[PDB]
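8 protein chains.
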Amino acid sequence: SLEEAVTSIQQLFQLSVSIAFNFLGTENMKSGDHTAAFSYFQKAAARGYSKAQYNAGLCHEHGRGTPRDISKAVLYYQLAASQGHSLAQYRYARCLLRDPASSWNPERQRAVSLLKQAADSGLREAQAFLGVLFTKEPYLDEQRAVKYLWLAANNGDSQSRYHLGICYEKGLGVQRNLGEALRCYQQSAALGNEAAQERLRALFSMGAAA
Amino acid sequence: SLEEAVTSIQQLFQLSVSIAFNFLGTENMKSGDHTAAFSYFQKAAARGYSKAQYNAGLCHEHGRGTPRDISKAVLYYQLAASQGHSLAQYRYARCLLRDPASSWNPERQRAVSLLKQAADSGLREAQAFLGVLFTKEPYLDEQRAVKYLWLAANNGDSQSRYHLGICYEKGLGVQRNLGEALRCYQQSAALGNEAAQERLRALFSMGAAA
Amino acid sequence: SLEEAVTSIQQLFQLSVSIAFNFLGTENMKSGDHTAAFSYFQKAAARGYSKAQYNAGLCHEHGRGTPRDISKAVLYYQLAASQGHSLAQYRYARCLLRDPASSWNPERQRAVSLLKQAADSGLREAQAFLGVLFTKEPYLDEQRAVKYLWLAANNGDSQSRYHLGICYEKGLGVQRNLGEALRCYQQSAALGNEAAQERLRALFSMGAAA
Amino acid sequence: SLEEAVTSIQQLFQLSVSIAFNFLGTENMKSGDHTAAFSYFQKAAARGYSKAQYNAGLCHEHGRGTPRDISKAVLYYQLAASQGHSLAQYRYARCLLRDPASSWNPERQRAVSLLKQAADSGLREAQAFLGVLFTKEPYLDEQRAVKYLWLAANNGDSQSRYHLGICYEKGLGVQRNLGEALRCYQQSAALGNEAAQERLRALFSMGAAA
Amino acid sequence: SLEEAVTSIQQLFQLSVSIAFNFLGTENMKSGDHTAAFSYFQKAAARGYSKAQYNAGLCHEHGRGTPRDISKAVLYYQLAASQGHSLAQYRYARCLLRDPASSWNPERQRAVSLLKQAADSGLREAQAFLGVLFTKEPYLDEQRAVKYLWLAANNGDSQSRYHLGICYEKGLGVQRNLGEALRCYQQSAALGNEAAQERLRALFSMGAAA
Amino acid sequence: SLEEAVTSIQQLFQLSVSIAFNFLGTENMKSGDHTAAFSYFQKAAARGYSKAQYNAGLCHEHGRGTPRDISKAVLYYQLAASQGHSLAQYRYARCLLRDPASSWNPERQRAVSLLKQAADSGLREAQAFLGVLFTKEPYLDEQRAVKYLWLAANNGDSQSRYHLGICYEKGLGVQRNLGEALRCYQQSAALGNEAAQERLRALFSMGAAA
Amino acid sequence: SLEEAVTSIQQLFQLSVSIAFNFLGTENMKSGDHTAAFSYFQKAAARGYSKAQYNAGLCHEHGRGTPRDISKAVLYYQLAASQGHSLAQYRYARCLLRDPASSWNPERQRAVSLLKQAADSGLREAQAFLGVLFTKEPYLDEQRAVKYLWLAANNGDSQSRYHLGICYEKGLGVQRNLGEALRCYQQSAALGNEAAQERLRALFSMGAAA
Amino acid sequence: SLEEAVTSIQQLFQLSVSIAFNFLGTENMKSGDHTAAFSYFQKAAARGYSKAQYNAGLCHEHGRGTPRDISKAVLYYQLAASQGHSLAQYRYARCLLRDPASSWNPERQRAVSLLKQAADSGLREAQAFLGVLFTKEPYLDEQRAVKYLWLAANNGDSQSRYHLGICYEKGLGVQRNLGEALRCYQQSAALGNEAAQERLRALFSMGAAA
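Residue numbers (the authors' numbering), protein chains in the order written: chain G, 228 to 437; chain C, 228 to 437; chain D, 228 to 437; chain H, 228 to 437; chain A, 228 to 437; chain B, 228 to 437; chain E, 228 to 437; chain F, 228 to 437.
Given below as C-alpha cells:
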C-alpha cells in the first residue's frame, strides 16, 4: 500500500509547492517587489495552477513589471479559464472581445459562451459587460441583454443601471417607458455616475430652459 | 298703502320687461335671428340689467351681427361687471388686459383685482388666465400663480395643468422637480393637449433617436 | 314706440305658446297619455322649438305610440341639432351612424363633427360612442379615441372603461400594458359589467387554472 | 500523560490524512484528472469523512469517470447525510424522492424529514424542491409548501417564484389573487424564466390575439 | 283652430291648478301649518299628480298631523311610483319590503324591480337599502349586493361602507381581505358611524390588548 | 267649492306677494339701491317668509344701509331658522356663539343643536365652525370635532384643513402623527393660507437655524 | 535573541495544542463520538481557550453525554464570555436570565450588559431575546426594546416580528397602529409562525364567525 | 535550482515568522496579556508586514499598554496604509485629519485621497466619515458628500442617516425636501440614534404642540 501512498505524497508536494510559490508571489506583489513577483507567478503557472495563471495574466497584461503584452497574457487567461476560474475567464473574454471584429470566428463564440457561464456565477462586472455586449452589433439579443443589465444593476453598479435607463428610454427590449427612465437617471446621478447620468440629466433639465 | 304698492308694481314692471327683453333676445340668438337679437339685447341693456349688459358686450366684441367693436363692448362689460356678474367681469378683465401695455395706471390694477374676485367665485377660465397672468411682467407673484393654476387644473383643464408642469420643471414658485413634471406632461398628452404634448414629448424623445 | 312693443309681444306670445305646447306634451307623456303627446309635440315642433323637435324625434324613433320611423325621426333630429341641443345631435349621430354602409357621403363627416362638438360639452354617452366609433374602420384615430374613452370612463361608465381596458391590453393607441388592463377588467366587473368583464375574467380563469 | 498524547496524535493523523486525500481528490477533479479523483475520493470516504462521502456520492451519481450508479451513490449520500452535511443530504433526498412511489415506506419519512432540516439551514435548492414536492400527491401540505416556496424565491430563483405565481393564480393554500400573480409572471419572465413565464405570457397574448 | 286650443287650455288649467295645490301644500308644511297641508296634498293627489301623491304618502306614513296609516300611504306611493318618481318609488319599495315575508308574492317582484330601477337612477338611500336587502334571505345575490353597496358607499354613506367592510371580512361575494376591511372600519369610525364602527374597533382592541 | 277656492286663492296671493317683495328686495340690493332694498326686505319678512327673514337679518347684521343692530338681526335669524333655512341658522350660530359667555343657558344648547342640524344638510362653513367650536372650552368633544373638520376640509377649505393638521400634530382626538401632519400643512399652505405658510416656515424651516 | 525565540515557540506550542484539541473535539462531536469529545473539550478549556470554553459550556448545559449541569455550564460560559466570544456570552446571559429573580443582584447587571454588547455585534438570537426581556418587569425600557426587536426581525425571525406586531397593537413604546400590526401578523403567519400568528388570525376569524 | 529554491524558502520563512508573530500578538491581545502583545506586534511590524503595522498603530493610538502616542501611531499607520490595508488607511486618514487646519499641506491631500479610495472599497465607517468631511470647510463638495452619506446610511448607520436628513432639510447638495426629511429623522430615531434624532423630534414636538 506504500506505492499509492508515495504517489499521493509526491502529488501533494507538487500541489503544495505550487500553492507556496503563488502565495509568495502575491505577498511580494502586495509588499512592493514586482520582478520577483513576476518570476514567482511565472514559475507557479508553469506547473498548472489556476490562481497562479490568473495572476500571471493579470500582471502580464497590466504590465506591472514587464512590457505590455497581450498574446501570452491571453494564453495564460485561456489556460486558467479552462480550469474554472471566474475572474480568469472574465478577463479572457473581455480582452478577446475588445475588438469590433465579426463573430464568424469560433473563438469569439467560445469566449462569449464562457463569459456567459461566468456571469451565471454572480460576478458583477462579467454580467454587466455581457449586457452591454448583447446590446450592440452583431450580438443583438435584447431580452438577455436587458435581464443581465438589470441583474448587474441590482448589485449597485451605476453605469449598468444608467444603461438600463437608456434601454428603457430608447425602447429596445423593454416597452418604452419614460418616468422610470427619468427616476433611474436621477438615482444613477445620485449614486455618482458623473459623466453619462449628469450629462443626460443636464440635457433634460436644460432643453426646456434654453 | 297705495303709494308703496304702485311704486312696487311699477318697479316690478320695469324688472319684468327687462327680463322678457333679455329672454327674447337670447331666444332669438339661439334660434338663428341675429339683428333682432342685437336690438333686443341693446334695448334691454339700456335700461339697467346685468345679463343684458353681458350679452350686449359679448355681441359687440364677437360682432356676430355688428361690425367689430371693443370700445362699446368693454363699456358694456364694465356696466355688467359693476353689478356682480362673474363671467361678465372675467370677460371685462380678459378683453381689457389683452393688450401688452404697461400697468402703471390704477385702472388695470382694478381690472386684475376684479378678475381675482371673479376667479374666487369658482369660474374655470378666470383662474387659468390669472395663473398665466401672474407669471409675466410686471405681475410677478409666483406663489399665487401656482396656487390658482393648480386649483384650475384640478377642474380638468389641459393647458392649465401643462402650465403647472412647465412651472415644475422650470422651478419658479415651486421647487424644481422633474418626475412630477414628466408625469404631468404625460397626463396632459392623455387628455389631448396638442400644443403641449406634441412638442414636449417630441423634444424628450428626440434624444432617443440617434 | 308701439311698433317695437307689438312685435315684442307677438314674438313673446309665439315663444310662450311653443313652451306651453312642449310642457303639456311632456306632462302627458309622463302621466301616461301618448297619442296626445305625439299631437302636442308635433304641433310644437312644427313652429321652430329645439326641445320640441328633440321630443318629436324621440317619439318617432322609439315609436312609443306610433309605428317605428327613421326618416321623420332623423329629419327632426337634424332640425333640433342645428339649434344647439346636445341630446338632439347625440341621437342624430347615433341614428345616422348605426348603418354599416360606406361613409362616402359628406353627411357622415358632418354627423361625426357634430357628435364631436356635442361630446366636447360633457355628455356621457356621446363620448363613449365616439370612442367606440374612432376605433373601427374607416374612422381610425387612436389617440382621440383613447382620450375621449378615458374621460368618459372617468364618469363611471362600465362599458367605456372595459373598452379602455381592452385598448390597453391590445396595445392600440397606448403602450401594451397588461397589469393595468387586468386591474381595469377587475374593477369593471366590480361595477357590474355583466357580460364583458365577467367573460374575460372567466376566460383568464378557466384557461389559466389548468 | 503520554497515553492521551499518543491517542490524540494518532486520531489527528487519521483525520489529517482524510483531509489531505479529500483535498487532493478535489484538486485533481478541478484540474482535469478524473479516475485518480475517483480513487482518492473512494479511499477518503472509506474511512469516515463527511465531505469525502458527499463527493463520492456525487461522482457515483453523475458518473464523470465511472459507470452510472444510484445504489452506491445513495448509500454514500446516506452515510454523508448522517454526519450533518447540508448539500449531501439535499442530494440524498432529491435522489430518493425522484421516484413516483408512495410514502408508505418510512425511508421516505426520514428522507423528507432530512430534506426539511436541510432546507432549515438556508440552501436555495432544497427549499424550492420541497415547495414543489409538498404540492403534489401524497405530500399535500399547502401552507408550509407556499411559505418555503416564498422564502426560497426571495433568494432570486426564477422557477420558485413562478411556482409561487401559479400558486397565487390557482389559489391553493393562498387566497386567490390575480394581479399580483400577473406581476410575478412578468417579473419572472424578465429575470429570465425563458420557458414557463414566457409561455404563459404568450398564452395570455394569443388568448386575445386569436 | 278652436277645439284643439280649448282642449289644450283646459288641460293646462288642470295641470296649473294641480301645481298650485301642491305648492300651497308644501308652503304650508314648511311654514308650520299641517292640517291645511294634508287637505291641499290630498286634493292635489286626487287629480293625478306625481309629487303630490308622493307628499300625500309621506304625510300619511309619518302622520305629521294625522293618525298613522300605512294602507293609504302605500296606495299613494304606488300611484306616485307608477308615474316615474324616483324618491316616491324608493319609499314605496322600502315600505312594502319591510316585512320578512318571502318573494313568492309577485307584489314583491314589482317592488324589487322598481327599487332596482330607482337605485339605477342615482339615489343614495335606495342603493344602500338594496345592497342590504340582496344580502339577506331569500334575496341572496352576493355580487349585485356587493356592487350596489360599493356604489352607494362611494357617495360617502358611512353605514353602507361599514356594511361593505363587514361583507369583505366575512368573505361573501368578495374574497376575504383583511387590511382593507381594517381601515374601512377605521374610516367608518372616522366618518362618524359611531355605533357599528365603534363596536368593531372596541372589539378588535379588547380582544387584542386582553 | 267656492269657499275652499277663495281660501286657496287668497293664500296664493299672500305667498306670491311675499315672493314679489323678496325678489324686488334682492334685485335692488344687487343693482345698488340699498334703502329701498331694506324697506322691501322688512315688509316681506314681517309677513312670514323664510328667505326674506334671512335677508333682513343679513342686512341688519352687516348694516349695509342701516346702523348696525344685532338684537333685531338675531331675532330675524331665529324666525328664519325656525322655518328650515340652512344659511339662516348658520348665521344665527355666527351671531350668537361669538360671545365669550358661559354655555349654562339652554339657548346655547338650542343654538348648537340647530347648528348640528344645519351642518347635516351639507353647508361648508357651518361644519368648519363647529369643528373649531367643539375643540374649545367647554364644548370639548374631540371625535365629532375631528370628523366634521375632516368632512368640511374634504370640500377644499384651507383653514379647516390646516386645523386638521394642527389637530394631527398636537395629538388631540387623533393619534399624534407627524408625517401626515407635515403633508397637511404643506398642501394647506399651497392653497394660499397665510397661517399655514407662516407656521410651516417658522416651525419646520426657521427652527433649523434658530 | 534565542530567549525571545524560545518563549515565542513555547507559547505558540501551547496555543497550537489548544487549537488541535478543540478541533479534535469538535470533529469527534460531529462524527458521532461523544465522551471523547467531552474529554477533549474539557482538557482544551482547562488551559484557557475561548471557543473550547464555549463548547465545554454547551456540552455541560445540553448534557449530550454528561449529566445535566448548569453550575459548571455557566462557569465555563462566564470564562468564555470574559475573553470576547459573542455566541458564548449570549448563551451565558440567556442561561442566567432564565430565572424570574429580581435584578437587585449586580451579576444580573453584568449579564444584561454583556448581552447588550453581544447583540451589538449582530447575532440574531441575542437581539430578539433582549427585545423580549426589556418588555417584562423589571427591565422596562420600551424604546430600546422596540428598536432591537425591529432590527432583529429585519433579519427574518418570525417570533421577533410577531412581537413587534404585538407591540404595535398594544401601543407600548410605539404609537398604537392597527393596520400595520395586522399586516405584520399576516406576513408572520405566512413566513411560518405556526403557533402565535395563526392563533391570532383564528381569533380574529372566530371573533366575527361566532 | 538551488539558488532560487533557497531564496524562496528564506523569503517564505521570513513571511511565516511575521505571520506567527502577528498571530501570537493577537492571541495575547484577545486573551488579556497586553505588554507581550505590544512587544510581539512591534517586532512583527519592524520587519514589514501590513496588518501587523496596523495593529502596532492601533495599540500606540489607543495606548492599551503604552502611554498615549500619536507620532509613532501615525507613522505605523502610514506604513500599513501604503501596503493596501483598507481599515488601517481609514485609521491613518482619520487620525491625521482630526486637526481643524487647512488643506494646503500636501499630506492632507494624500490622506483625503487615500480615504476616498478606502471608502470606494466598501468600508462602512470610511464613507460616513467622508460624507461628514466634505460638508465642512474647506472640503466643500456637496455631491460626493451626499452620495457617500446615502451609501453609508444604506448600510444601517444611524448617524449617517441623520446627516442625510439634515442635508435634505437644510437644502444643500439636494433639493430642500421636508417630508422625506422628517421620515428620515423618525426612522433614524427608531434605529436608536438617541441624542441627535431625539433632539430634533423634541424640537419639532415642543415648538409645534406646545
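Just so you know, even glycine gets a beta-carbon here, dropped at the ideal spot from N, CA and C.
{"Check": "Residues in the region 332–357 of chain A with C-beta within 9 Å of chain E's C-beta atoms, listed in sequence order?", "Outcome": "none"}
{"Check": "Which term fits D/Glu364, buried or exposed, when burial requires 16 or more other beta carbons within 10 angstroms of its beta carbon?", "Outcome": "exposed"}
{"Check": "Kindly indicate which residue of H/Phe248, H/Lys374, H/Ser228 has the alpha-carbon position closest to the one of H/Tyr276.", "Outcome": "H/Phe248"}
{"Check": "Label F/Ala279 either buried or exposed according to how many other C-beta atoms from any shown protein chain fall within 10 Å of its C-beta, with 16 as the threshold for buried.", "Outcome": "buried"}
{"Check": "So, are the CB atoms of E/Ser298 and E/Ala345 less than 8 Å apart?", "Outcome": "no"}
{"Check": "Whole angstroms are fine: how far does the CA of B/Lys343 sit from the CA of A/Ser385?", "Outcome": "17 Å"}
{"Check": "Whole-angstrom Cβ separation of B/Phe361 and B/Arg371, contact assumed at under 8 Å?", "Outcome": "6 Å"}
{"Check": "Whose C-beta lies closer than 7 Å to the C-beta of D/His390 among residues of the same chain, with five residues either side of it excluded?", "Outcome": "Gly358, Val359, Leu376"}
{"Check": "Can a CB atom of chain B be found closer than 8 Å to the CB of F/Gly400?", "Outcome": "no"}
{"Check": "Is DSSP giving E/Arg318 helix, strand or coil here?", "Outcome": "helix"}
{"Check": "Which chain C residues are close to G/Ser432, counting only those with a beta carbon under 7 Å from its beta carbon?", "Outcome": "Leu405"}
{"Check": "Can you give me the C-alpha to C-alpha distance between H/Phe250 and G/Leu239, rounded to a whole angstrom?", "Outcome": "9 Å"}
{"Check": "Run through chain H and tell me which residues come within less than 7 Å of G/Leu376, C-beta to C-beta.", "Outcome": "The contacting residues do not exist; G/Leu376 stays about 11 Å from chain H at best."}
{"Check": "Is H/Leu409 close to chain D, meaning its C-beta is less than 8 Å from at least one C-beta of that chain?", "Outcome": "yes"}
{"Check": "Between the alpha carbons of C/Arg274 and C/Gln237, how many angstroms are there, rounded?", "Outcome": "14 Å"}
{"Check": "Give every residue of the same chain whose Cβ lies closer than 6 Å to the Cβ of E/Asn282, excluding the five residues on either side of it in the sequence, and list them in chain order.", "Outcome": "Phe268"}
{"Check": "So, for D/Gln424: in the same chain, excluding its five sequence neighbours on each side, which residues have a beta-carbon less than 6 Å away from its beta-carbon?", "Outcome": "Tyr389, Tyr412, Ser415, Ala416"}
{"Check": "In chain order, which continuous runs of the alpha helix (DSSP H) of length 4 or greater are located wholly inside the region 293–369 of chain F?", "Outcome": "298–309, 313–323, 333–346, 351–360"}
{"Check": "Identify each residue in the region 363–397 of chain B for which the Cβ-Cβ distance to at least one residue of chain F is less than 8 Å, and report them in chain order.", "Outcome": "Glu396, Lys397"}
{"Check": "Could you work out which residues of chain G lie near residue 466 of chain C, taking near to mean beta carbons separated by less than 9 Å?", "Outcome": "Here chain C covers residues 228 to 437 and nothing more, so residue 466 of chain C does not appear."}
{"Check": "Measuring only the C-alpha atoms, how far is F/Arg335 from F/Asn382?", "Outcome": "27 Å"}
{"Check": "Do H/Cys322 and H/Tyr303 have their C-beta atoms within less than 8 Å of each other?", "Outcome": "no"}
{"Check": "Pull up the CB-CB distance for B/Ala320 and B/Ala338, whole angstroms please, since I reckon it's below 8 Å.", "Outcome": "6 Å"}
{"Check": "Given this structure, state the Cα-to-Cα distance separating D/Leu350 from D/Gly311, to the nearest angstrom.", "Outcome": "13 Å"}
{"Check": "Nearest chain I C-beta to B/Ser228 closer than 8 Å, yes or no?", "Outcome": "This model lacks chain I altogether; the protein chains it does include are G, C, D, H, A, B, E and F."}
{"Check": "Who are the near neighbours of D/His287 in its chain, counting only those whose CB is closer than 6 Å to its CB and skipping five residues on each side?", "Outcome": "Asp296, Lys299, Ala300"}
{"Check": "Tell me the residue span of the alpha helix (DSSP H) that contains H/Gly259.", "Outcome": "Run containing H/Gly259: none; DSSP gives neither H nor E here."}
{"Check": "Comparing the C-beta of H/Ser235 with each C-beta of chain E, is any distance below 8 Å?", "Outcome": "yes"}
{"Check": "Between H/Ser245 and chain G, is there a C-beta pair that is closer than 8 Å?", "Outcome": "no"}
{"Check": "Of the residues E/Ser235, E/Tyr366, E/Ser340, which one's Cα is nearest the Cα of residue 177 of chain E?", "Outcome": "Shown here, chain E extends from 228 to 437; a query on residue 177 of chain E therefore has no answer."}
{"Check": "Under 8 Å, Cβ to Cβ, is there at least one residue of chain H near E/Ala417?", "Outcome": "yes"}
{"Check": "Mind listing the chain H neighbours of E/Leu251? Cutoff is C-beta to C-beta under 7 Å, in chain order.", "Outcome": "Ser235, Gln238, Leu239"}
{"Check": "Of all Cβ atoms in chain D, is any one closer than 8 Å to the Cβ of C/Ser309?", "Outcome": "no"}
{"Check": "If you measure beta-carbon to beta-carbon, which residues of the region 270–297 of chain A are closer than 7 Å to chain D?", "Outcome": "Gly275"}
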